[PDB]
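Engineer: I am attaching a structure below and will ask some questions about it afterwards.
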2 protein chains.
Amino acid sequence: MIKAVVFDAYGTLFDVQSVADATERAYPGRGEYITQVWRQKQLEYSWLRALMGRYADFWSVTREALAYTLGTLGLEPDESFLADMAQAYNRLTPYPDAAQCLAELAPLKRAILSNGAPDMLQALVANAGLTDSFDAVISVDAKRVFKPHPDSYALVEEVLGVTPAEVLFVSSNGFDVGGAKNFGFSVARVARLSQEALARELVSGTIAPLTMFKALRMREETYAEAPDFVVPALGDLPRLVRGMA
Amino acid sequence: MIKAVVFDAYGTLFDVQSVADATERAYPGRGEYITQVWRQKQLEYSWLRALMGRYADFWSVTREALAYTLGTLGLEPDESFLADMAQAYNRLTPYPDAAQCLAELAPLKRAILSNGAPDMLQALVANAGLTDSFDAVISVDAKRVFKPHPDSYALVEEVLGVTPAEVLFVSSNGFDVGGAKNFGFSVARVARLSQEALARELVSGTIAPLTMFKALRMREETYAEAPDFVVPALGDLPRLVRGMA
Ligand SMILES: [Cl-]
Ligand SMILES: [Cl-]
């Protein structure tokens with residue numbers, strides 16, 4: 001039976017697009033671009049560092065990704081600037097229905113499994129006012145790998161004492177849905193972009209950069225096992241779990 | 001001393017853009033989009049499968065990435081169509097100065113180390129008429145991992161019997177440059193996109209797709225160790241090696 005609901009953090013509980021005003025105010029006219037590449041390279045670097053066996057925590061990864069992104073524009077800000085701007089990732093706005101969702105899941109164990117470094121996650125959750133909505137906020141850091149490495153998901157049992165079969169893993173990220181399924185969790189994917197809308201957007205004329213990100217990041221990955229469930233929003237989760245087992 | 005020059009294949013010896021006319025058929029008006037997302041997802045899938053510990057050779061990866069890409073456009077091609085169109089990757093055009101480069105690099109050992117599956121590389125190299133330019137064409141398939149996993153590079157000493165220090169690794173891919181430096185090779189990066197041109201391109205009003213691919217794929221990655229050498233083209237390597245020794 002499902003004894004725990006484990007949440008992916010970035011893109012799932014928290015909007016990664018919500019760094020837009022900071023990236024934009026900091027560099028006018030370049031906000032949307034930076035927001036997309038920052039996230040894309042943040043992911044790529046987590047995968048590439050882990051696959052090289054050269055781990056560094058998500059805070060270092062987040063700042064490396066930012067430096068690369070600003071670099072593409074011809075900017076070379078010092079470490080102090082990068083650390084300050086990177087704080088934006090610790091202030092992501094939670095999705096409007098995250099709190100209500102977590103409230104309705106109170107009977108079950110509630111947790112986060114994230115690539116985020118310990119201090120990042122704490123700040124992130126505390127600033128969202130969701131600290132009291134979780135029995136555990138788990139960082140992959142202890143394992144010194146990143147998703148979808150199996151060791152990242154092994155932490156769930158270690159911390160909560162529940163078996164993979166008793167876990168419902170929630171994520172808006174294809175790669176993370178694939179990792180959790182591979183490891184043996186039941187998965188609910190959060191799909192906020194309808195496939196039919198993307199298809200039409202991709203042919204609505206000249207393809208914008210924001211649509212590029214969506215095309216790379218907001219779909220199920222073809223190499224990955226399909227999720228057990230797909231909901232359009234977090235608020236649908238409580239009800240999904242009700243009529244589940 | 002440099003006893004062998006080991007080349008990255010895709011993007012380095014072979015133009016991944018040269019699938020343009022094949023994709024422009026799979027969907028007139030969208031060949032450029034497909035070309036770019038296909039290559040991007042092809043790379044992501046190689047990283048994610050390996051990191052997940054669920055290897056499938058580059059031929060499956062190539063097809064899965066193509067299916068994903070076409071799927072974003074709303075198409076649902078069958079296996080036969082995918083396998084047929086994916087052949088475009090075994091017909092990539094070598095860069096105009098590749099042959100000359102390889103010739104002038106003899107009698108030094110010359111080899112390919114590529115993510116490509118064995119039959120892909122053989123067909124790709126044979127179509128380009130470069131079979132007699134290489135002492136060995138090495139696929140990572142033997143290790144059942146993908147770059148930048150260290151085992152990928154370990155094959156080089158196994159096949160050529162040269163130590164990492166005796167290898168000059170050539171690649172246009174920042175993640176491959178990073179993995180080879182990580183492993184211990186000396187590395188010559190082929191940088192066909194000037195940083196200053198990209199920076200300005202990203203500032204010139206609306207940002208095109210190819211530009212998005214370029215921003216994501218044609219730079220040195222910030223987490224990676226820098227390459228020992230950077231040249232503009234393959235033809236510059238023979239001279240690099242000479243002035244090097
Ligand atoms: Cl993430
Ligand atoms: Cl490759």
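Residue names in the structure tokens use chain letters A, B, ... in the order shown, residue numbers from 1 in each chain, and ligand numbers from 1 in the order shown.
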Give as number ranges by chain every residue of chain A that touches chain B within 9 Å, counting only C-alpha atoms.

Structural biologist: A: 29-30, 33, 37, 40-41, 44-45, 47-54, 61, 64-65, 67-69, 71-75, 146-150, 175, 178-179, 182-183, 195-196, 198-203, 206-209, 212, 215-216, 219-224

Engineer: Going by DSSP on the backbone, which residues of range 44-226 of chain A come out as helix (DSSP H, G or I)? List them as a PyMOL selection string.

Structural biologist: chain A and resi 44-52+58-72+79-90+98-104+118-127+131-133+140-143+150-160+164-166+174-183+195-201+209-217

Engineer: If the limit is 8 Å from any atom of ligand 2, counting only C-alpha atoms and all ligand atoms, which residues qualify? Return them as a list in words.

Structural biologist: residues 8, 9, 10, 11, 42, 43, 114, 115, 116, 147 and 173 of chain B

Engineer: Restricting the output to C-alpha atoms, write the selected residues as a compact mmCIF listing (two decimals), in the first residue's frame.

Structural biologist:
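The resulting file, again-v1.txt, is reproduced below:
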# COMPACT_ATOMS: atom_id res chain seq x y z
CA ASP B 8 35.36 12.26 -31.27
CA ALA B 9 32.97 11.38 -34.13
CA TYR B 10 29.61 13.22 -34.06
CA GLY B 11 30.02 16.98 -34.33
CA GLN B 42 20.16 12.03 -28.55
CA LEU B 43 22.84 13.40 -26.18
CA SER B 114 32.51 7.47 -30.21
CA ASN B 115 29.19 6.94 -28.45
CA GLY B 116 28.05 5.39 -31.73
CA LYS B 147 30.62 9.49 -22.47
CA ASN B 173 31.78 18.77 -27.77

Engineer: Rounded to one decimal, what separation in Å do you get between CA of residue 3 in chain B and CA of residue 172 in chain B?

Structural biologist: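 CA of residue 3 in chain B sits 20.9 Å away from CA of residue 172 in chain B.
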
Engineer: Report, in Å to a single decimal, how far apart CA of residue 131 in chain B and CA of residue 111 in chain B are.

Structural biologist: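 Rounded to one decimal, the two atoms are 10.3 Å apart.
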
Engineer: Find the residue from A:187, A:83, A:121, A:98 that sits nearest to ligand 1; use only C-alpha atoms and all ligand atoms when measuring.

Structural biologist: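 Looking only at the distances to ligand 1, the closest residue turns out to be A:121.
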
Engineer: So, counting only C-alpha atoms, which residue among A:6, A:177, A:154, A:106 is closest to residue 225 in chain A?

Structural biologist: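 Of the candidates, the smallest distance to residue 225 in chain A is held by A:177.
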
Engineer: Would you pick out the contacts of residue 95 in chain B at 12 Å or less, using only C-alpha atoms, so that residues sharing its chain but fewer than 6 positions from it are not included, and give the list as a PyMOL selection string?

Structural biologist: chain B and resi 9-18+101-102+128+130+172+190+192+233-235

Engineer: Would you write out those residues with C-alpha atoms, as a short mmCIF file (atom, residue, chain, number, x, y, z; two decimals), in the first residue's frame?

Structural biologist:
data_model
loop_
_atom_site.label_atom_id
_atom_site.label_comp_id
_atom_site.auth_asym_id
_atom_site.auth_seq_id
_atom_site.Cartn_x
_atom_site.Cartn_y
_atom_site.Cartn_z
CA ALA B 9 32.97 11.38 -34.13
CA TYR B 10 29.61 13.22 -34.06
CA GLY B 11 30.02 16.98 -34.33
CA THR B 12 33.79 16.68 -34.62
CA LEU B 13 34.58 14.61 -37.74
CA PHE B 14 30.99 14.51 -38.95
CA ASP B 15 28.45 17.33 -39.38
CA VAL B 16 25.32 16.49 -37.34
CA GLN B 17 23.56 19.29 -39.21
CA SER B 18 23.90 17.33 -42.45
CA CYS B 101 43.84 16.23 -41.56
CA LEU B 102 43.87 12.46 -41.13
CA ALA B 128 32.72 8.82 -45.83
CA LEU B 130 37.71 7.11 -44.32
CA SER B 172 34.04 19.82 -30.70
CA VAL B 190 37.61 22.24 -32.11
CA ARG B 192 33.81 26.50 -34.76
CA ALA B 233 39.22 23.54 -37.60
CA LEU B 234 40.44 19.95 -38.01
CA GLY B 235 43.01 21.05 -40.60
#

Engineer: Quick check for you: according to DSSP on this backbone, which residues of range 27-112 of chain B are classed as strand (DSSP E or B)? Reply as JSON, numbers by chain.

Structural biologist: {"B": [93, 94, 109, 110, 111, 112]}

Engineer: At what distance in Å, to one decimal, does CA of residue 125 in chain A lie from CA of residue 242 in chain A?

Structural biologist: 25.6 Å

Engineer: From the options B:20, B:123, B:188, B:113, which residue's atoms come nearest to residue 152 in chain B, counting only C-alpha atoms?

Structural biologist: B:113
